[PDB]
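Topology and contacts: notes
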Amino acid sequence: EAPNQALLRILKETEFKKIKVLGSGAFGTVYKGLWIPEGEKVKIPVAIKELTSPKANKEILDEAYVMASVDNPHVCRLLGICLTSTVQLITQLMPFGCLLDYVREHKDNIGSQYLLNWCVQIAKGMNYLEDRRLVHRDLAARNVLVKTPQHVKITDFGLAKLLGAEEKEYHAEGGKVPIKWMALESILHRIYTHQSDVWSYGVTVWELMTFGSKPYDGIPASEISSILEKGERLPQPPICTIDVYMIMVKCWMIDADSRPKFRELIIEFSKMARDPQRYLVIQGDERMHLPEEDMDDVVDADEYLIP
């Protein structure tokens, strides 16, 4: 294995000035503020995340480890961490929030072009993680953030595991994974591969095409395992042609090797992105268009590279 020569940058608490809370849950809270490097005359919109026990600090550093070892336009990169007491994770701010809540609140303005483009960008990000031998194990619309309506990034590496040079699959033992996005072999045998992420990709695409619906809605998670064995899958969304829907089905095959690779998914959706109204039928597809005081020195984190 190649030596991971990534750089973990330790940030001072006096550098950034937090504002408000983006969200709060049982997992933790997410803040927002402006990271201002020491005398560099730049202000960077960032998102501060915290999950106060030794158990909490260990798991949050594992995520920080992975997040600081990725460098792709469609993957959230860790900017640095702040040693406070509870460790904070500082990352680039994604103003439009997660993609799931985005499509639910803009379904009457989202065209086929945006939908197919998102599917390409997600597949590009996932393919990158496959190159880094990283298995996400938690791919969903909620785990996809929106920088701009035409640029999304993958995230949440709280379950991401790295495979060795001679390792093909990962074995779990915890019990905190969303069943409705998991592959069949993952539910039954705790086996996680890159092709198990393909299943999650298929469900993720289904979420987007249904404009943010709940997969297997009205069905308990303890019954999902038995249902998949019967051969039952998610239905075909109204806007989807058989071309798009068949791709999802391929991601839901029993044989993991029969499932498409991410690099193949990139090509397929890219072809459809050239003529989006041929593969996605949406009513009024044409007439749809998605959109402080002292902020002249504000620079996006993507334009601020490592000094």
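Residues numbered from 1 in each chain as written, not as in the entry; some residues may be left out. Heavy atoms only, no water.

Per the PDB record, this model was obtained through X-ray crystallography at a reported resolution of 3.2017 Å.

Quick look at the overall build of the chain
Helices and strands together make up the secondary structure of the chain, namely eight helices and eleven strands. Taken over C-alpha atoms, the radius of gyration comes to 20 Å for the chain, in line with the 19 Å a tight globule of 307 residues would show. Taking the principal axes of its C-alpha atoms as reference, the chain extends roughly 60 × 50 × 35 Å. Separation of charge centres in the chain, based on 37 positive and 44 negative side chains, amounts to 1 Å. (Helix = DSSP H or I, 4+ residues; strand = E, 2+ residues; numbered from the N terminus. Rg over C-alpha atoms; globule rule 2.2 N^0.38 Å. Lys, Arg positive; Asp, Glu negative; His and termini not counted. Charge placed at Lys NZ, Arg CZ, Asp CG, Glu CD.)

Things to note about the UniProt feature "active site" in the chain
Following the UniProt record, the feature "active site" maps to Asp-138 here. In this fold, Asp-138 is placed in the loop between β6 (134–135) and β7 (144–148). If we ignore the near neighbours within four places in the chain, the residues touching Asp-138 are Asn-143, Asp-156, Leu-159 and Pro-178. (UniProt positions renumbered as here; feature names shortened; annotations may be inferred. Contact = heavy atoms within 4.5 Å.)

Let's talk about the pairing of strand β5 (residues 87–92)
Within β5, six of the six residues are buried, which leaves the element mostly enclosed by the surrounding structure. Both strand β3 (residues 44–50) and β5 contribute to a ladder of four bridges, which runs antiparallel. Bridge pairing in β5 links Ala-47 to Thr-91. Bridging between strand β4 (residues 78–83) and β5 involves five bridges; their strand directions are antiparallel. Bridge pairing in β5 places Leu-78 opposite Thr-91. What sits between the antiparallel neighbours β4 and β5 is a turn of three residues. (Buried < 20%, exposed > 50% of the residue type's maximum accessible area, 1.4 Å probe, protein only. Pairing = 2+ DSSP bridges.)

Quick look at the environment of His-74
Examined against the element boundaries, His-74 turns out to sit in the loop between α1 (54–67) and β4. As a C-alpha pair, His-74 and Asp-197 span 123 residues in sequence and 16 Å in three-dimensional space. With near-sequence residues (within four places) excluded, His-74 lies in contact with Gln-121, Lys-124, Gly-125, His-151, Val-152, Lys-153 and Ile-154. At a separation of 3.3 Å, a polar atom in the side chain of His-74 contacts the main-chain carbonyl oxygen of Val-152. (Polar contact = N/O pair within 3.5 Å; in protein donor to acceptor, adjacent residues only side chain to side chain.)

Structural notes on the pattern of salt bridges
Once their charged atoms are close, side chains differing in charge can pair, the charge on each being opposite to the other. Scanning the entire structure with this criterion turns up twelve salt bridges. Between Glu-63 and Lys-49 there is a salt bridge, with its nearest N and O atoms 3.2 Å apart. In terms of burial, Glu-63 and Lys-49 fall into one category: buried. Of the charged contacts, one joins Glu-130 and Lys-261 as a salt bridge, the two residues approaching to 3.0 Å between their closest N and O atoms. One end of the pair, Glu-130, is in helix α3 (residues 112–131); the other, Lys-261, is in the loop between α7 (242–250) and α8 (262–272), with 131 residues separating them in the sequence. According to the relative accessible area criterion, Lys-261 is partly exposed, its value standing at 29%. (Salt bridge = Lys/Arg side-chain N within 4 Å of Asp/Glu carboxyl O.)

Structural notes on the pairing of strand β2 (residues 29–35)
Of the strand pairs in this sheet, strand β1 (residues 16–24) and β2 are connected by six bridges, and their pairing is antiparallel. What sits directly across from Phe-16, in β2, is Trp-35. Hairpin connection, β1 to β2: the antiparallel pair is bridged by four residues, and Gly-28 has positive phi, about 160 degrees. Relative to β3, β2 is paired through seven bridges, and the arrangement is antiparallel. Within β3, the residue paired with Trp-35 across the bridge is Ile-44.

Considerations on the environment of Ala-6
Along the chain, the position of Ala-6 falls in the segment before β1. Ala-6 gets classed as partly exposed once you look at its relative accessible area, which sits at 35%. Non-local contacts of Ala-6, meaning those with residues more than four positions away in its chain, are made with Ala-68 and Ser-69.

Quick look at the nonpolar core
Soluble globular proteins: nonpolar side chains tend toward being buried together. Membership of the largest hydrophobic core comes to 74 residues, with the highest contact counts inside it found for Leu-99, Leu-115, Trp-118, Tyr-201, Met-209 and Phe-269. Tallying contributions element by element places α3 first for this core, with eleven residues. Structurally, this core is a two-domain feature, drawing no fewer than three residues from each of domain 1 (1–93) and domain 2 (94–290). In this structure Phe-269 touches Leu-116, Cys-119, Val-120, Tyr-201, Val-205, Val-244 and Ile-247, once residues within four positions along its chain are discounted. If you look at the next biggest cluster of nonpolar residues, it comprises twelve residues, including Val-46, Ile-48, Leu-79 and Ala-301. (Core = buried A, V, L, I, M, F, W, Y, C linked by side-chain atoms within 4.5 Å. Domains from an automatic or database assignment.)

What to know about the packing of aromatic side chains
By the definition in use, this model includes six aromatic pairs. Here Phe-96 and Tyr-102 contribute two aromatic rings whose centre-to-centre distance is 6.0 Å and whose plane-to-plane angle is 80 degrees, an arrangement assigned as edge-to-face. Ring-pair connections join several aromatic residues into one group, and the members of that group are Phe-96, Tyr-102, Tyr-114 and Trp-118. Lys-18 extends its terminal NZ or CZ atom over the ring of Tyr-31, reaching a point 4.2 Å from the ring centre. Residue placement shows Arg-137 over the ring face of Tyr-192; its charged tip is 4.3 Å from the ring centre. (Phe/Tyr/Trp six-rings, centres within 6.5 Å; stacked < 30°, edge-to-face > 60°. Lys NZ or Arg CZ within 6 Å of the ring centre and 35° of its normal.)

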